[PDB]
Amino acid sequence: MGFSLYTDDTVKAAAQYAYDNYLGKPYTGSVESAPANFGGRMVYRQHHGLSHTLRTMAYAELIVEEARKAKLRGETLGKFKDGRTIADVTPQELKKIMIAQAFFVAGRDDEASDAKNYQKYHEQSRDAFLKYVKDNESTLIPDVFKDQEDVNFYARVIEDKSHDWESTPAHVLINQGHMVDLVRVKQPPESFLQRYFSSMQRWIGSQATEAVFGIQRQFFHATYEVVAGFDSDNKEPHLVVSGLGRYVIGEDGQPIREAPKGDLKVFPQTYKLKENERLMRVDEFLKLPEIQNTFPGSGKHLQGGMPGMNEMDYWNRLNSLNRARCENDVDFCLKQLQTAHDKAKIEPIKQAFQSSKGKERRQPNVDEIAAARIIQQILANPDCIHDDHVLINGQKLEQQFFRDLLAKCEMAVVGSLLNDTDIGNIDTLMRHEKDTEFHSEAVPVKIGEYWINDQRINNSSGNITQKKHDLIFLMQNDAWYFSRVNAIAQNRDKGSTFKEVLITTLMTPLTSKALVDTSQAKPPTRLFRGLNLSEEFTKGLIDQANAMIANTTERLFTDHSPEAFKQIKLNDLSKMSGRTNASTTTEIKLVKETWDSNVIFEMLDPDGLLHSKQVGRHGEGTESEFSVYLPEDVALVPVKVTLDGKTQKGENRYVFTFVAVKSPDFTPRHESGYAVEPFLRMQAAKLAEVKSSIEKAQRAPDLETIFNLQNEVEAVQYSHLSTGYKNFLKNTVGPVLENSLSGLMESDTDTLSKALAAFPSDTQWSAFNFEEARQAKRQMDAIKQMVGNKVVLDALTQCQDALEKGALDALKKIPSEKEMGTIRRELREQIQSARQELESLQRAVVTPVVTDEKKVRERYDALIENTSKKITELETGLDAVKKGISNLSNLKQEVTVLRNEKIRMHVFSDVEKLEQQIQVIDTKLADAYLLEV
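So the sequence shown is numbered by my numbering: it starts at 0 and just counts up by one.
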């Protein structure tokens, strides 16, 4: 949105005119200019064609943008005769500059040499410009320009009767924008790159110009033109481009001009005679201290061509279709330039942080498991809810608990945990509730009646998927509901009842089961949402967004990734669009109140990181709506903030474009046990009650009946009565007594439990004596009860003590399962074992430091280095110092960022502590300094 090269139609029309009438037309002159044939399609003018001029216009917009970025970082900028700088260029002015720029080389009827007919060519081009203003004065003169005086101004700029500048709009951008595009061919590339870099640096600064050349390379690649290398160790004779001259290194040194004080400037002449001396090499030139300080190209880096396909694939690529396509089709070339440009807007952000190692959405952790289970219980048993709190297995759950759930838990994953039975229990929940829910002063709605009514009148079948569509429908267009929901979820709500909080907490994962319906709704890469905010808050947003934007610039020689990392980490990171089910649209028609939204979020997820699903389908009308619960890995980083039109209510509106970037650097550390600890308390309460019941039921362990029975097993062998009975007592019951007794005396074991498993059942035994083996049966069953009780009870105790501190607990329950215990109490302890099992097996803990551990360490080094540099530099040095104080202040938070990062690196802060100590002393120093003046 706003004004751009690619969006605007007038500029494009001008370019199409320029191509159709001159640039597309063949060179009519005799100078070495022939039609180049590219894969069948011919381009007549390759050096000064359509790709060229379009590239210049792109260069212009790019320059303006990076100038603005430089001003934002607080860089002292090159000013003109008026107070204006390049960063002060008006969008309208820019349109003028670009429309003029279209015709800059329209004049050439041949490839101009060093011959001076070039002047005539420019005049010819001017003529073309004028003819393109007279073509449609109606739609162009009162609108785009002002008067034909203006038009003759730009016409005169295109004339270039003299090498003019100081004119902020046209002169610098057109002249420099033109001469820059010739880097691809000019012979010693290092000297030319340095010259142009210095030249533009005077206007924009080192960083921003570095960015402009960096993106220029990508433009070249996009328009399928050669990208030249850069070798700091170049041995070629350095060429002074300002003229045809070269520096001459005489014996012992380089011949410089007359002193005239004493640091005399290096003198250079054209092709002269050699007198036991040679011309200065490129590397030699680059090694000069003034150069080394002025130019970031001391680094031997920068390799020509494209990274990869080092073969002749590059030259065939340049000899291919796309070169002809870029040179003959305006919209296509513009598409190339814009895609490269936006890519350039995104790449440094991604270069700042660790890479997404797949893992699109996270796997549930312990707390989210426990929370999902608690929620499941509250849905299943709405009796848990009270006017103030939710009681559950003897555990009081206040409002702050559910708020903490909304904050800490990622409710989309929690949603993944839930099932259709819960979506069904929404009915029982709303049945239990008939309490009012408040908008953000209007009349409240009795939610219960609302849902119940909806379901009984429009869902007689009681179908669960229908329940899901109805729930989502409530999310979409019921303001009173979703205002409270979104607010409470994002912790920006006013005075709201506990039950509103509870309901939102339950409903956000259930609504996040919008995933179940229309899962194959492909995330749309472009999504808008509208927001109405105070001008103060809006200004704050603008400042933070800009703080991030200004410090993301494309890499050339210097890095600048740690500053980007820092500023992004510090500023909002857009929490304002997370922790709830945010409604979004692609059509730029708002869900509600389009007329009031003064801030608009344009969201871009080309990587599909935003797991967004559509609200409503292709049926029931054309639906262009989506819901988003942005995952904690994904951050929304601002790329541009533009003005665009104004709204009707009088508020000036702004649009912030964010791009979805996923990285573990964004995953938040959370204190474990906000949900799982009280959950464990609940379990502990269950088992405490069961143990109390058994222990009160228990009779004192009379060991006699074991001993006595033992005597009988040893006695029956000598009674000569029944051999089968003898055999069964000595070979089956005897060992059971021995092992169950030895087990019972010693602590809990597998021996006594498996002794309990080896027990002789009632299915047997019946075939034996009924007169006196009856009492044997009696005694043995008494021991059945003794052992079952003992095992269960001490197992329970062990478990409870285990829970007092988590995994060690679940294993303890395994032996006791099958035998003994009164009915239903066993089923209870089984339920608890089931919950324990759920946590123990489904828990997973993700890490904020992935494969790029190298990156995290190196980047930390760079970070603390840069911070140290800024801080120590600031401790050395009337008007300026005032801003210097703010400069001090931001550094504090930079140090805090460093600290937290060092924390995150090891899931020992000496140096950072030292920097803090620096911060205190220069705090006092600058305080006394600020007080003095």
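Yeah, the Cβ is synthetic: ideal placement off N, Cα and C, and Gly gets one too.
Are residue i and residue j closer than 8 Å when you measure CB to CB?
i: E60; j: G204; result: no
i: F437; j: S495; result: yes
i: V654; j: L603; result: no
i: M681; j: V732; result: no
i: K661; j: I548; result: no
i: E624; j: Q475; result: yes
i: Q799; j: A687; result: yes
i: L285; j: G296; result: yes
i: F218; j: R361; result: no
i: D469; j: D453; result: yes
i: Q394; j: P677; result: yes
Check residue i in the structure and name its three-state DSSP category.
i: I822; result: coil
i: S112; result: coil
i: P677; result: helix
i: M311; result: coil
i: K881; result: helix
i: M602; result: strand
i: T435; result: strand
i: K119; result: helix
i: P254; result: coil
i: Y270; result: coil
i: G529; result: strand
i: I140; result: coil
If you draw a straight line from the C-alpha of residue i to the C-alpha of residue j, how long is it?
i: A351; j: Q206; result: 16 Å
i: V786; j: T510; result: 50 Å
i: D109; j: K119; result: 12 Å
i: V880; j: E893; result: 19 Å
i: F37; j: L320; result: 6 Å
i: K685; j: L404; result: 23 Å
i: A379; j: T427; result: 7 Å
i: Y724; j: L826; result: 36 Å
i: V627; j: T583; result: 7 Å
i: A775; j: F758; result: 13 Å
i: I587; j: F527; result: 6 Å
i: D606; j: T524; result: 8 Å
i: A99; j: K24; result: 19 Å
i: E828; j: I422; result: 27 Å
i: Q291; j: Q918; result: 31 Å
i: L181; j: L572; result: 40 Å
i: residue 935; j: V171; result: This structure leaves residue 935 out entirely; the chain is present only between 0 and 932.
i: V855; j: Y16; result: 52 Å
i: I425; j: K648; result: 40 Å
i: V281; j: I255; result: 17 Å
i: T866; j: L890; result: 7 Å
Which residues in the same chain have their Cβ closer than 6 Å to the Cβ of residue i, if we skip the five residues on either side of it in sequence?
i: residue 955; result: Here the chain comprises residues numbered 0 to 932, so residue 955 is not present and cannot be evaluated.
i: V715; result: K725, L728
i: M0; result: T641, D643, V654
i: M56; result: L4, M97, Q100
i: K466; result: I422
i: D632; result: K661, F665, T666
Output needed for residue i: all residues of its chain with C-beta closer than 8 Å, excluding positions within five of it in sequence on either side, in chain order.
i: residue 934; result: With the chain covering 0 to 932 only, the question about residue 934 has no answer from this structure.
i: residue 960; result: Because the chain here runs from 0 to 932, residue 960 falls outside it and cannot be looked at.
i: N707; result: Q778
i: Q376; result: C383, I391
i: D81; result: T167
Near residue i, what residues of its chain come up, given a Cβ to Cβ distance below 7 Å and the 5 sequence neighbours on each side ignored?
i: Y18; result: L49, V329
i: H669; result: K407
i: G28; result: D108, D109
i: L473; result: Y480
i: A544; result: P637, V640, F655
i: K433; result: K445, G447, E448
i: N275; result: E250
Q.
Going residue by residue through the region 17-105, where are the continuous alpha helix (DSSP H) segments of at least 4 residues, counting only ones entirely within it?
A. Listed in chain order, they are 49-71, 90-100.
Q) Hey, which unbroken runs of the alpha helix (DSSP H) at 4 residues or more fall wholly within the region 540-586? A) List check, alpha helix (DSSP H) in window: 560-569.
Q.
Going residue by residue through the region 609-665, where are the continuous beta strand (DSSP E) segments of at least 3 residues, counting only ones entirely within it?
A. DSSP runs (the beta strand (DSSP E)) wholly in the region 609-665: 624-627, 633-641, 653-661.
Q) Counting only runs that start and end within the region 750-828, where is the alpha helix (DSSP H) found for 4 or more residues in a row? A) Correct list: 750-756, 772-803, 807-811.
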